[PDB]
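Lettering of chains follows the sequences in order, A, B, ..., and the numbering in each one begins at 1.
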Amino acid sequence: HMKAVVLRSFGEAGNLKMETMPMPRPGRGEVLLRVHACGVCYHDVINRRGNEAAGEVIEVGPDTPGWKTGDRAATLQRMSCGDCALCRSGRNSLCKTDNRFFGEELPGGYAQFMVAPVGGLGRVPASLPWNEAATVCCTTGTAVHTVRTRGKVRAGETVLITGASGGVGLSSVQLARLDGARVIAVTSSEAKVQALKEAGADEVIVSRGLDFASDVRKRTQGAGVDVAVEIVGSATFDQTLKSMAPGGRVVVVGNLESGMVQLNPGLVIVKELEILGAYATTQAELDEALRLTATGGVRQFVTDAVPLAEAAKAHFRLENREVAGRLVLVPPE
Amino acid sequence: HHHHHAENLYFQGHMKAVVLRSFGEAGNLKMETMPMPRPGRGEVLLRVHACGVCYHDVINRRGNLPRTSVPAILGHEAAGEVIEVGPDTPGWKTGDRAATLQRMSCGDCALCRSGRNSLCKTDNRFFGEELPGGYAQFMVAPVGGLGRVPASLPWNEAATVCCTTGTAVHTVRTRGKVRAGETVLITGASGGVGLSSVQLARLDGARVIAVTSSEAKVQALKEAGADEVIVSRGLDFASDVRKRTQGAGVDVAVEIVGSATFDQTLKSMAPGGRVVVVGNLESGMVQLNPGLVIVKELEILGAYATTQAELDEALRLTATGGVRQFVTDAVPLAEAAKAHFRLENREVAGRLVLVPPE
Ligand SMILES: [Zn+2]
Ligand SMILES: [Zn+2]
Ligand SMILES: [Zn+2]
Ligand SMILES: [Zn+2]
């Protein structure tokens with residue numbers, strides 16, 4: 001047997017039912033994990049309507065060479081098949097052969113136990129506390145795919161980050177600076193200014209999302225930034241494109257839920273801007289994200305740890321924007 | 001000082017040229033007798049045999065280009081003959097065949113050194129705006145803004161290459177990087193840029209799917225190298241492409257129309273596809289949906305202007321036949337007003353050319 005939180009009917013935050021469930025058994029090329037912590041990012045609130053954890057390896061399944069008992073591991077969000085045309089090409093976030101996503105087709109991490117294939121796990125260094133390790137893939141893990149893999153930030157470039165207050169934002173500020181770039185952060189609240197500074201931001205602009213283009217210009221000596229991390233949800237797109245320098249790059253990341261944004265094709269044309277989608281974290285990207293966390297080059301900002309039984313209270317605090325940071329669910333022993 | 005006996009330089013005096021002395025209606029264009037320009041250091045004097053009429057010229061004529069100033073000689077799509085060179089013109093001699101770009105480029109800033117001449121800010125002078133255009137028998141041109149016309153290419157066809165096949169090279173190759181085997185979606189394929197893009201894509205070993213508004217514009221696009229053609233105003237072709245592509249989508253899309261077809265273009269893209277945006281005919285804004293760009297990791301690339309190398313290549317493609325030129329009517333220079341009227345009222349399908357008198 002095994003204790004877990006289950007959702008059988010979409011709707012309200014209180015529908016997350018603590019059902020006693022059976023323990024899963026790993027198949028060929030799979031492993032059983034004892035969940036020590038599991039983060040709640042707003043994508044789960046989206047899944048709570050109709051539209052990220054870490055633990056110890058206790059039982060290894062057949063055809064699992066690299067892994068043993070007691071090994072530390074953290075899970076991605078999207079499973080990725082091995083050898084397709086896009087995987088061998090490095091475009092693992094677009095594979096359709098194995099589109100399995102944790103918390104959906106594969107049992108989520110709201111359980112004391114869970115199984116995961118080999119390719120969907122990243123080794124967690126021994127230095128990492130479990131709470132912080134469970135919030136890496138959807139913060140720093142997304143930062144690696146956005147800042148490095150897709151955006152390809154280079155030392156000597158200036159990066160704009162809209163909606164910089166958040167899991168992906170604060171990790172993108174750190175990583176972009178760690179790779180030798182200057183960081184201009186845009187936030188909506190004065191309170192989030194000091195955090196962005198402590199995270200390494202060279203400039204922090206407080207804007208509702210319709211007036212910062214000029215300030216980003218004055219701060220770049222009229223040149224404009226080379227890269228933009230567009231974290232949708234703040235109504236900032238028009239000002240972002242105007243903040244770009246000629247040939248600048250805009251890497252779009254965020255949730256599907258946010259409405260359509262204001263696009264002026266003229267700006268893209270005459271400035272030859274590159275708007276790039278950035279989606280899923282790769283196993284290699286997660287391994288790097290976990291290292292950068294152990295290293296100290298990219299921190300985590302855990303607001304509070306919550307018992308797994310209180311999963312309904314977690315989604316409520318996250319639904320009403322009554323939290324600043326990333327909450328974690330700890331299953332009982 | 002500097003006395004000479006050259007009869008040809010002495011004859012170089014006055015010239016015929018369409019002059020615009022007040023921005024406004026097409027009728028403000030009037031042939032006049034102007035003094036010939038003199039080429040200076042790094043410049044070249046051209047004997048214009050033809051100048052393409054680009055709708056850009058219409059906007060310019062109305063005063064909607066801020067840096068243009070009356071009196072003005074319009075036109076940026078000129079093809080002519082080098083009759084005189086100034087000092088520091090090592091690659092250019094009298095008798096050479098040249099065609100002007102749209103705008104200049106300094107060649108020294110980081111952007112220029114990177115091949116991004118379209119984005120140069122230090123020298124953004126346009127032909128027919130800050131410096132005189134091709135609506136005339138002669139014009140001066142910095143060597144940096146000239147492309148070479150093969151001897152096998154007539155003037156009329158050459159005077160319409162920059163703003164069609166020239167743009168196609170920049171869009172399809174330099175920016176789009178279309179590779180043989182990919183499926184290419186082209187909107188507004190029936191236009192000047194579209195027709196050149198269709199040919200250039202089919203020439204690069206790619207399957208071309210054209211989307212035209214005209215119902216009976218298919219016989220040309222098909223003959224132009226298009227494997228598939230779709231008739232649509234721009235709101236219902238997305239599903240038709242997914243049907244003609246076995247539900248896979250397209251690898252790259254050449255968005256010439258812009259806002260009118262953009263939302264459907266995106267939905268028509270395969271995972272990891274890239275949209276190369278070059279035009280926005282209706283000047284309308286777009287409601288971009290982030291989810292489709294993210295989940296599929298799509299790329300939206302802008303393409304602007306043409307470089308000296310791209311025009312040399314575009315001109316070469318027309319002389320060889322890889323990308324034909326569809327010149328409707330050749331019009332005397334003195335009838336520039338009539339040309340704009342035709343172009344404004346959409347009463348023409350193809351490219352118009354102004355031929356200066358001898
Ligand atoms: Zn997550
Ligand atoms: Zn795959
Ligand atoms: Zn330059
Ligand atoms: Zn033009």
Side-chain angles (χ1 to χ4, degrees), chain A residues 51 78 84-86 89-95 99 142 145-146 149-150 156 222-224 226 230-233 237-238 241 244-256 258-280, chain B residues 103 109-112 114-121 124 167 170-171 174-175 247-249 255-263 265-266 269-295 297-305:
Chain A
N51 316 88
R78 173 194 173 92
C84 72
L86 300 178
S89 173
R91 309 303 307 283
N92 305 40
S93 304
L94 303 168
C95 158
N99 56 25
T142 303
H145 189 62
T146 291
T149 307
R150 292 288 288 165
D226 302 314
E230 183 62 11
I231 294 165
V232 299
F237 205 73
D238 184 75
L241 304 188
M244 297 304 95
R249 296 159 290 169
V250 181
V251 189
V252 186
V253 63
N255 56 323
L256 142 158
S258 41
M260 306 195 179
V261 300
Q262 297 174 308
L263 170 57
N264 171 16
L267 275 168
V268 178
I269 293 172
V270 63
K271 299 172 73 173
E272 296 194 352
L273 302 179
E274 304 186 14
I275 305 175
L276 304 171
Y279 190 23
Chain B
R103 60 178 291 283
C109 69
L111 294 162
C112 283
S114 310
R116 314 299 299 276
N117 303 27
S118 298
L119 307 176
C120 175
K121 287 183 172 177
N124 55 10
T167 304
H170 188 49
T171 305
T174 324
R175 298 287 295 167
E255 179 60 89
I256 299 171
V257 179
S259 56
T261 66
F262 195 75
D263 186 76
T265 293
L266 293 170
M269 302 304 295
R274 56 196 187 279
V275 177
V276 188
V277 186
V278 62
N280 200 25
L281 298 179
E282 295 180 359
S283 304
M285 301 297 92
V286 168
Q287 284 298 293
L288 177 62
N289 133 270
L292 181 56
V293 180
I294 298 174
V295 177
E297 272 180 5
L298 303 184
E299 308 187 7
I300 300 170
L301 311 176
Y304 179 69

Any idea which heavy atoms bring B:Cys120 and B:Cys109 closest together, and the distance?
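Nearest heavy atoms, B:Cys120 then B:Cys109: SG-SG, 4.0 Å.
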Which atoms of A:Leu273 come close to chain B, meaning under 4.5 Å heavy atom to heavy atom: side chain ones, backbone ones, both, or neither?
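Backbone of A:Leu273 only, per the 4.5 Å heavy-atom cut-off to chain B.
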Does any backbone or side-chain atom of A:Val253 lie under 4.5 Å from a heavy atom of chain B? Answer side chain, backbone, both or neither.
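Backbone of A:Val253 only, per the 4.5 Å heavy-atom cut-off to chain B.
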Side chain to side chain contact (heavy atoms under 4.5 Å, CB included) involving A:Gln262 - partner list, sequence neighbours excluded:
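A:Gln262 satisfies side chain to side chain contact (heavy atoms under 4.5 Å, CB included) with B:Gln287 once adjacent residues are dropped.
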Validation row: B:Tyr304, B:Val277 side chains within 4.5 angstrom (heavy atoms):
no
Hey, does A:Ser93 have a side-chain heavy atom less than 4.5 Å from the side chain of A:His145?
yes
B:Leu288, part contacting chain A, at a heavy-atom distance under 4.5 Å
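Contact with chain A: backbone and side chain both.
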Given that the side chain runs from C-beta out, which part of B:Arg175 has a heavy atom under 4.5 Å from chain A: side chain, backbone, both or neither?
side chain
For B:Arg103, salt bridge (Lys or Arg N to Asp or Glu O under 4.0 Å) partners two or more places apart
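Partners of B:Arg103 under the salt bridge (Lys or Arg N to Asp or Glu O under 4.0 Å) test: none.
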So which residue, A:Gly247, A:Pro265, A:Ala245, ends up with the most heavy-atom pairs under 4.5 Å with chain B?
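Max contact count across the listed options: A:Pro265.
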